[PDB]
Amino acid sequence: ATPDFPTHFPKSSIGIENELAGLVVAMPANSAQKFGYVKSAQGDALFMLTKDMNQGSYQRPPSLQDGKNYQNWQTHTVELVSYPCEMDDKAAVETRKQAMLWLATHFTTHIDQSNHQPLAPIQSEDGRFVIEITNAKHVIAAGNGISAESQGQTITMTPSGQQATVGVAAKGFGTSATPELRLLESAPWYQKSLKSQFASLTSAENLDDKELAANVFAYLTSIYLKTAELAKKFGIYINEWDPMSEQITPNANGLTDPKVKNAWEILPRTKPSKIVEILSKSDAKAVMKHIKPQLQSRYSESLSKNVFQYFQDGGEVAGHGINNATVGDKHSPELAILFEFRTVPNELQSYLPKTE
Ligand SMILES: Nc1ncnc2c1ncn2[C@@H]1O[C@H](COP(=O)(O)OP(=O)(O)OP(=O)(O)O)[C@@H](O)[C@H]1O
Ligand SMILES: [Mn+2]
């Protein structure tokens, strides 16, 4: 079994996604995404071997008929998904990059002499890396996996197949305290002006933590307003809001549509309603009560009510979120909120492996 991602980190964390070029993985239909992982010889889990983009049904090349059942098997692109590490852990970042580059070299040999065969659980020549196979019911094939023989491809990785996910303590969003926080706050959807706006709206209120409440308000409002902007732009059906009722033609399949996720640039990966937990019951009520008018002053009553309710009931920004991540003291853990960089920016390029 592929180990689950560690959930706790002392400070800011980072994870990477690396979609490979030059090969496919074929597996039975409705197989689990994870088919293996790469760890250090010391035992530290570095990245998962996963199926990503469905490339159509698998057809075993006739010249490689082996008496085995490949019925209903699907081909997919391979994506290497790192186990998160600390952002300032140079060794862990580098080991992940080096392990991903080594596996690409291993994959290059694999498609040359073992095309249309599963990957074997092996140790690297230098002893540094170990492949563990969690699902042997797979095959690795060159290119798009139609031909029995390869075109002599070198397995590569490119910025277009790359993503990064940054996890920070939820209490820090809006403080600009660290370079990671400042990078996350640069998100085009984040409106820092909402912090001082909340302070102006709550002068007569005796809040338990005024600065924290303002930070949570600015974060949540920014997400709610962006969700409403996207629902209007892309014609998305949110809760009970119908875009067609406002003469908007849908041009996206929902919140999880790649182009909707790309429109965020820095995509929130955690359930918005989780942040309410970092505040007192009183402060959370004060924050929540002030959000509705921010939506209603910019958007229709129906869109406003539907966006507000969706996130209030635990609605996700773009599908299943990473909602069990924590930061700080292991014994008294604090909520971590995660963000996916749809394109890896210059500030995070050093966390990504490069073929060239
Ligand atoms: N606690 C954490 N802190 C930081 N990063 C994390 C944490 N937990 C997971 N991640 C990272 O978040 C990313 C999540 O990858 P995941 O495969 O789960 O999403 P996905 O389904 O692949 O998204 P996509 O549909 O775009 O491929 C990984 O890069 C992982 O390393
Ligand atoms: Mn991703």
Side-chain angles (χ1 to χ4, degrees), residues 2-21 25 31-39 44-55 76-89 92-93 95-97 99-100 134 157-170 172-173 178 180-181 183-184 252-271 274 316-330 333-345 348-353:
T2 48
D4 292 298
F5 294 136
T7 58
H8 188 89
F9 291 97
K11 240 176 189 278
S12 62
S13 50
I14 190 149
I16 65 160
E17 292 168 278
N18 194 30
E19 192 190 26
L20 300 174
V25 62
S31 285
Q33 311 300 126
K34 281 100 93 156
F35 67 91
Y37 65 101
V38 166
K39 64 184 194 186
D44 313 299
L46 303 170
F47 64 90
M48 301 170 170
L49 270 82
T50 72
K51 57 160 166 180
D52 188 27
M53 245 65 110
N54 184 296
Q55 302 286 93
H76 297 262
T77 56
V78 170
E79 188 186 52
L80 308 188
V81 184
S82 79
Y83 278 88
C85 66
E86 294 163 38
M87 281 199 79
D88 63 355
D89 190 338
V93 164
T95 308
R96 274 152 180 82
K97 285 164 58 183
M100 282 188 181
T134 64
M157 39 205 81
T158 193
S160 68
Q162 292 174 333
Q163 264 130 84
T165 297
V166 169
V168 295
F173 209 108
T178 63
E180 321 89 71
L181 283 170
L183 180 67
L184 293 171
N253 62 46
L255 288 166
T256 60
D257 191 306
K259 72 174 133 173
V260 176
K261 287 179 170 194
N262 292 353
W264 283 94
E265 299 176 24
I266 299 173
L267 177 70
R269 290 288 297 107
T270 308
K271 183 188 282 176
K274 288 289 291 183
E316 299 276 8
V317 166
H320 179 59
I322 298 153
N323 310 322
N324 61 345
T326 57
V327 159
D329 178 12
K330 297 181 176 189
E334 291 176 283
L335 169 76
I337 52 169
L338 274 70
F339 305 90
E340 185 187 321
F341 287 81
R342 301 292 290 168
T343 296
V344 184
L348 303 175
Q349 282 294 339
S350 68
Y351 291 94
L352 277 297

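We use all heavy atoms of the structure for the numbers below, so side chains are in, but hydrogens, waters and symmetry mates are not. Just so you know, ligand 1 is whichever comes first in the structure, and atom 1 is the first atom listed for that ligand. Residues: numbered from 1 along the sequence shown.
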message = So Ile337 and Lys274, do their side chains get closer than 4.5 Å, heavy atoms only?
response = no

message = So which atom in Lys11 and which in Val327 form the shortest heavy-atom distance, rounded to 0.1 Å?
response = O-CG2, 3.4 Å

request  = Would you indicate whether the side-chain heavy atoms of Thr165 and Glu340 approach each other to under 4.5 Å?
outcome  = yes

key: Aromatic ring pairing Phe339/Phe173, orientation class (parallel under 30°, perpendicular over 60°, tilted between)   = tilted

Put together the list of close N/O pairs, under 3.5 Å, between ligand 1 and the protein, could you?
from     : atom 1 : to    : atom 2 : distance (Å)
ligand 1 : 3 (N)  : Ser13 : OG     : 2.7
ligand 1 : 22 (O) : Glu17 : OE2    : 2.7
ligand 1 : 23 (O) : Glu17 : OE2    : 3.3
ligand 1 : 27 (O) : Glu17 : OE2    : 3.1
ligand 1 : 29 (O) : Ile16 : N      : 3.2
ligand 1 : 29 (O) : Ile16 : O      : 3.2
ligand 1 : 31 (O) : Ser82 : O      : 2.6

message = Under 2.8 Å from the Mn ion (ligand 2) - does any N, O or S atom of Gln163 fall there?
response = yes

query = Is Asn262 atom CG crowded by more than 12 heavy atoms from other residues, nucleotides or ligands, each under 6.0 Å away?
reply = yes

message = Give me each pair satisfying salt bridge (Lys or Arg N to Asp or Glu O under 4.0 Å) with a member in residues 78-88, each pair once, sequence neighbours excluded.
response = none

